[PDB]
């Protein structure tokens, strides 16, 4: 590990057109001093592999502001209007990649694996191709994504994904010893760990440099072999994107809250699912998983508990309960993709008769990326429960024969909770109405549902947890 005192000196040899991996989840664990040094060097035409695009005026967005990035390989755009503008305008190329796939491909790229199989993205634009990579000025499409090869293993369909390797990696970490060993703090680890292994030259910035021997050798997160250039960061602004402090929808939330069991491992999506966790009994123990690499999510912090290094999947500041753990992004999606999480509960725009899901794209309106949504529904072992309003504007169908919006996954939903009904979903037999809201009838549900359904002989009135 070569030590540097000046960050510009550490990155001055990056060529134009280089592929650069950039650590960070939102603004959590971003290499802000190295990004700052790239503004000064002015290197351009970069293919930046990064999970998100930061915000409009910070993180990776700064390099979009200076037009130094040609292509983005990312999972979620988020709250970067400049990102969205440049992409829609035809100025920026963007490969929207499932977050777990992005993580595993970076890992493969550092672990000598050229390609591997995953069910994430099967039956979607990732697999079929045609995902817009570049737009023309006129509004038509310039570059579209190529299909991924499909292959069946053990009665199930998977797609082939190729390793991602960088010319450079720009990495943020908490501490480094004088030998070059590195550690990360809380959820600031995310993509920084795998990216540190998947590039020809890895440049790491750290908040503190400690003595050799300071780390327990078991607790070194990235061994020195992976760290090629090390710099102590001059300025750390501890920026927080979304402060979240503590001091008919309600119907869906209270029914969703009945999905939680004692000792359950759950990943809850933004909105209704996460709000349902408030109604969990104190006597019930539910461990909440976060895809950015946390197990054991707690409530939002009090003012004094706030931390830039600890955010949830929605980029909101959070806390952790006792017995929580932190891990890398590759590992978080190994967790998710392996079916280790008992319940995934997320919102939806559309569900089909056999459990196809659409919840990430509305063409020419919502193109922020899929995030970890496609990995979260990929396992058959994990119970996927959808929470949504029954019908759309003009009483248009959301539950239907076939989805009209782009798919997050095929035959992946196990249960649908709405304000009117609760449905069990089967991949072969279709929908079964198992709970019905009081005052409504089976005929009311039929004319709010775009496909037919069986009725359970033990149909009960819909439950609520108060």
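Basically, rigid core = biggest C-alpha set you can superpose within 1.5 Å across the two forms. Residue numbers count along the first chain shown, from 1.
- Farther from the shown form on average, by C-alpha root mean square after a core fit in 6 other deposited structures of this protein, is 73-81, of the stretches 73-81 and 185-193.
- Between 116-124 and 84-92, the larger mean CA deviation from the shown form in 6 other deposited structures of this protein, after core superposition, belongs to 84-92.
- In at least a third of the other compared PDB entries of this protein that cover both flanking sides, residue 392 is left without coordinates.
- Notably, residue 364 is an intermittent gap: at least a third of the other compared entries of this protein, restricted to those modelling both its neighbours, have no coordinates for it.
- Unmodelled residues of the deposited sequence between residue 247 and residue 248: 10 or more.
- Set 20-28 against 448-456 and average the Cα temperature factors; 448-456 ends up higher.
- Comparing 105-113 with 74-82, the stretch with the higher mean C-alpha B-factor in the PDB entry is 74-82.
- You'll see in the entry that, of 233, 155, 372, 355, the Cα B factor peaks at 233.
- Looking only at 303, 378, 99, 178, the residue with the top Cα B factor in the deposited structure is 303.
- The deposited CA B-factor of residue 410 belongs to the middle third of values across its chain.
- In the PDB entry, a CA B factor belonging to the lowest third of its chain's modelled residues is recorded for residue 296.
- In this PDB entry, the Cα temperature factor of residue 318 sits in the middle third of its chain's modelled residues.
- For residue 229, the recorded CA temperature factor ranks within the middle third of the chain's modelled residues.
- In this PDB entry, residue 242 carries a Cα temperature factor that places it within the highest third of its chain's modelled residues.
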